[PDB]
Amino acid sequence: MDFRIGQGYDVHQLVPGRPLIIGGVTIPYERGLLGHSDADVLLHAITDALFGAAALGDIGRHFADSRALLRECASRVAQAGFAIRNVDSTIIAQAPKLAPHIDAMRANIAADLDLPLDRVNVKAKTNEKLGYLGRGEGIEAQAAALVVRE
């Protein structure tokens, strides 16, 4: 009965000489995301949505392999007494084509959250050529999570 929702936002710059890692998937591409960690923009947004659902603050309060961060986030959410019910998310990127990699992202997140595949979703959008996202200056992710307090 004790359901809670969270939401998460993250953006990183796209620079050359970094490998591209979104949703724990290394995607072949001539640029990658810039950050202190591996800068996995999708995992960061999801981590934030989970801490938010559980009212545990945010990713900078708590915390690098972003999958390990995601698993520790999930561990702390479980320790606060919440079970995760579902995750949805959107990646907004001009390039590259993310469709061939989506199911793999979905699978990594399921694994890290200990959820079946059917409770995790990843969507991909272009920004229709508008703003810094449209110019391919960075990649944004958005996330939503529903949890319930056991």
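Residue numbers run from 1 along the displayed sequence.
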| property | result |
| --- | --- |
| Missing coords for residue 54 in a third or more of other PDB entries | no |
| Missing coords for residue 64 in a third or more of other PDB entries | yes |
| Extent of unmodelled deposited sequence, residue 30 relative to residue 29 | none |
| Entry-level comparison of average CA B-factors, 36-44 and 49-57, reporting the higher stretch | 36-44 |
| Entry-reported Cα temperature factor of residue 148, expressed as the chain third it lands in | highest |
| Assigned third (lowest, middle, highest) for the C-alpha B factor of residue 13 | middle |
| CA B-factor ranking of residue 88, expressed as a third of its chain | lowest |
| Residue 23 - which third its CA temperature factor falls in, relative to the rest of the chain | lowest |
| Chain-relative CA temperature factor third for residue 69 | middle |
